[PDB]
Amino acid sequence: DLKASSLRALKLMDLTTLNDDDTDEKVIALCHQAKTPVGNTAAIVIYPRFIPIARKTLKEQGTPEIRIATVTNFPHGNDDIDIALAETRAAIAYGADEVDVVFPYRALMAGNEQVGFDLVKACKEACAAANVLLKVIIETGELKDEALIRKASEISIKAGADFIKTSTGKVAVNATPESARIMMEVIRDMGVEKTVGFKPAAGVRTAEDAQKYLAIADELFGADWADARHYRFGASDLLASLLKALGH
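Conventions and cut-offs
- Residues numbered from 1 in each chain as written, not as in the entry; some residues may be left out.
- Heavy atoms only, no water.
- Residues with missing side-chain atoms left out of burial classes, pairs and counts.
- Buried < 20%, exposed > 50% of the residue type's maximum accessible area, 1.4 Å probe, protein only.
- Helix = DSSP H or I, 4+ residues; strand = E, 2+ residues; numbered from the N terminus.
- Pairing = 2+ DSSP bridges.
- 1 Å grid on protein atoms, 1.4 Å probe; cavity = no way out; pocket = protein on both sides within 12 Å on 5 of 7 lines; lining within 4 Å.
- Points joined across faces, edges and corners; volume = space filled by probe spheres on them.
- Nonpolar A, V, L, I, M, F, W, Y, C, P; charged D, E, K, R; others polar.
- Right-handed = clockwise from strand over helix to strand, strands pointing away.
- Axes fitted to C-alpha atoms, helices over the stretch in contact; angles between N-to-C directions.
- Parallel < 35°, antiparallel > 145°, perpendicular 65-115°, else oblique.
- Left-handed = near helix turned anticlockwise from the far one by under 90°.
- Contact = heavy atoms within 4.5 Å.
- UniProt positions renumbered as here; feature names shortened; annotations may be inferred.
- Polar contact = N/O pair within 3.5 Å; in protein donor to acceptor, adjacent residues only side chain to side chain.

- Per the deposited record, determination of this structure is attributed to X-ray crystallography, with the resolution reported as 1.72 Å.

## With respect to the pairing of strand β1 (residues 13-16)
And then number 1: Burial along β1 is two-sided: the residues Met13 and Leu15 and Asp14 and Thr16 are all buried.
And then number 2: Direction of pairing for β1 relative to strand β10 (residues 233-235): parallel, over a ladder of three bridges. Within β10, the residue paired with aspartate 14 across the bridge is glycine 234.

## Focus: the layout of surface pockets
And then number 1: Volume-wise, the largest pocket comes out at about 340 Å³.
And then number 2: Together, 18 residues line the largest pocket, and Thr16, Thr168, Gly169, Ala202 and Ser236 are the ones closest to its centre.
And then number 3: For the lining of the largest pocket, the per-class residue count stands at five nonpolar, nine polar and four charged.

## Observations regarding the pairing of strand β4 (residues 43-46)
And then number 1: Side chains of β4 alternate between two faces, with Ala43 and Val45 and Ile44 and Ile46 buried alike.
And then number 2: The pairing of β1 with β4 spans three bridges and is classified as parallel. Paired with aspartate 14 across the strands is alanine 43, a residue of β4.
And then number 3: Examined bridge by bridge, β4 and strand β5 (residues 67-72) share four bridges and lie parallel to one another. Its bridge partner lying in β5, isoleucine 44 is registered against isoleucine 68.
And then number 4: Note on the crossover from β4 through helix α3 (residues 51-60) to β5: the handedness is right-handed.

## Focus on the packing of helix α8 (residues 146-159) against helix α9 (residues 177-190)
And then number 1: Direction vectors running N to C along α8 and α9 enclose 45 degrees, while the axes themselves pass 9 Å from each other. Classified by the interaxial angle, the pair formed by α8 and α9 is oblique. Handedness of the α8/α9 crossing: right-handed. For the pair α8 and α9, contact is made by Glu146, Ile149, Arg150, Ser153, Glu154, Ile157 and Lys158 and by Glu178, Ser179, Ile182, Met183, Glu185, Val186, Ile187, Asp189 and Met190, respectively.

## As for the sheet that holds β5
And then number 1: In space, the eight strands of this open sheet follow the order β9-β8-β7-β6-β5-β4-β1-β10, with parallel pairing throughout. Both outer strands of the open sheet, β9 (197-199) and β10, are each paired with one neighbouring strand and no more. Strand-to-strand, the axes of this sheet are offset by a mean angle of 25 degrees, without reference to chain direction.
And then number 2: Direction of pairing for strand β8 (residues 163-165) relative to β9: parallel, over a ladder of three bridges. By the bridge assignment, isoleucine 164 is partnered in β9 with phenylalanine 198.
And then number 3: The sheet strands contacting helix α4 (residues 81-94) are β5 and β6 (98-102), and the helix crosses β5 at an angle near 160 degrees.

## Structural notes on the UniProt feature "active site" (unreviewed entry) in the chain
And then number 1: Mapped onto this structure's residue numbering, the UniProt feature "active site" (unreviewed entry) falls at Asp100, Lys165 and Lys199. Taken together, the annotated residues stretch across 100 residues yet fold into one region, lying no more than 10.2 Å apart by C-alpha. Cross-referencing the annotated residues with the lining of the largest pocket gives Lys165.
And then number 2: For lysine 165, the position within the fold is in strand β8.
And then number 3: Apart from the residues lying within four places of it in its own chain, the contact partners of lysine 165 are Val71, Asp100, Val136, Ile137, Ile138, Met183, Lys199 and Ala201.
And then number 4: For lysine 199, the position within the fold is in strand β9.
And then number 5: With residues up to four places along the chain from it excluded, the contact list for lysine 199 reads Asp14, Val45, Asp100, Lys135, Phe163, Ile164, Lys165, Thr166, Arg232 and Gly234.
And then number 6: A distance of 2.8 Å separates polar atoms of two side chains, one belonging to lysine 199 and the other to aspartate 100.

Structure, rendered in structure tokens:
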């Protein structure tokens, strides 16, 4: 089953490079990696400044259907909506297909439930007006407590998140199977599985990991639920493991 799981995970991957030393050449190489011998990843994830050259690279290699995702309010998740919205508008103008925005998780931990709602909603409004999907990163490894993880997921969903995403990859603790279960249970309990996807990020490293995460989705929503609109692997390291499991 591991081989079948690995191809499924590959076709759901948000193949990521988000490094301080990123260059145009590193992003072009990433676009080439996204076109694998066994099929294409769902998307790439890059800083907003690399969207235009990534678009041309994906087009010229014959994979314009690989989506371009990016990050905003990132990685800090500050509570300044004007800044988060301006970055989101810039990402749209660069050409993003998808924006992964960081939820203001420290403000929620400090007792501000409203700002996360208002921030997600403002960014969702800009994205939806551009036919851009909005993922919300809640930073589970900083929230830590299950109740806060549920609360942040719930606020994000009510404010219009198209995906909820565990982590930035820029803190020590990122996706865990337990954090994934909690957030997917929020999707389940709210009844929003048709409109809200799930994205574990930065914690999924091996083909075995990816199978475990997809098993949670299959168990909660049925094996047909986890398609590209409802599940992605945010990963900068996993692709080589999945290709190894597939004999490539």
